[PDB]
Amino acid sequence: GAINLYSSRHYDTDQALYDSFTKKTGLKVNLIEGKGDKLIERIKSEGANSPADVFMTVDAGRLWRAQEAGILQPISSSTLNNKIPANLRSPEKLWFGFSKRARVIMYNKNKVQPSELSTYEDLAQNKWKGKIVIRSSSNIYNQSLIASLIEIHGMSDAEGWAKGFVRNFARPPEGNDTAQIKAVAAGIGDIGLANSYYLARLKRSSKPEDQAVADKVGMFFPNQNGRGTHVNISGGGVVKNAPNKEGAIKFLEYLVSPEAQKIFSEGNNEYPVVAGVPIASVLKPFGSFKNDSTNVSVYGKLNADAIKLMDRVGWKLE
């Protein structure tokens, strides 16, 4: 009568989702939390004795690592496949996206007009020297973005890009995504890269100071006239030895319902994955944007190459 959810992605507001699921299915949700890579290690080590039914985390790169650890089993569901865009789920049906984030250009509104922005590729141009802030190469979001660039350009051309990008750093990578947004607002950089939901989070904060930062920083969705913006996922899958496989599948299917999509996405100011679900009020002012159709599993497949490239060009680790 229960499922065991091992998640790094729980927010307090998600209790509404678990309670609705229980009303609809009869199944309790037992929550086990941890950091994503630690949960993968925990499930792998628990092995055939693991009680885990569902694993959830952020970033297709981490979901790929879970898949490679052998802790997931494939699921074939008409509901999951029809409702989740193909680009946002594993080609092998091992994991699935349930909310979406974009890795965007954050820009100082005083110093940068959006007409000056275009693509990720343009960020390697000399005009940005001394102007870019971004976090360390240890961060999965950055690894996944670089992986996408290696997929497009190949290692040689991507290395040339990365050499110019790193040359443009205003300071050594320092702090998290929110720290980059604050540095852009403060004039330490004119532009930075961060996930969309971090600006939204500031635009909603209980702290007035957070609203002041948010008002100074715009969000630009790159590559609109070409392949589209780099998107990534919060997602999950059914665990290999799930004691309640049937219940685990019911939970994933419930997550694509319109009501669950709203609660889950809005809990972290992310976009829904399901077509037709209304967008959070905080995200509407930024407008819709073209998403790249690349399958997000590529981000994991080329994660090791991204790490190698980052080291080669001297993009500092945390």
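The first residue of the shown sequence is 1; numbering continues from there.
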Segment of higher mean CA temperature factor, 31-39 or 287-295: 31-39
Segment of higher mean CA temperature factor, 186-194 or 221-229: 186-194
Residue with maximal Cα B-factor (values as given in the PDB entry) among 144, 156, 82, 87: 156
Selection by C-alpha B-factor (highest) of 97, 91, 237, 243: 243
Entry-reported Cα temperature factor of residue 212, expressed as the chain third it lands in: highest
Residue 115 - Cα temperature factor, lowest/middle/highest third of chain: highest
Third of the chain, ranked by Cα B-factor, where residue 306 sits: lowest
Position of residue 45 among the chain's modelled residues by C-alpha B-factor, lowest, middle or highest third: highest
CA B-factor ranking of residue 78, expressed as a third of its chain: lowest
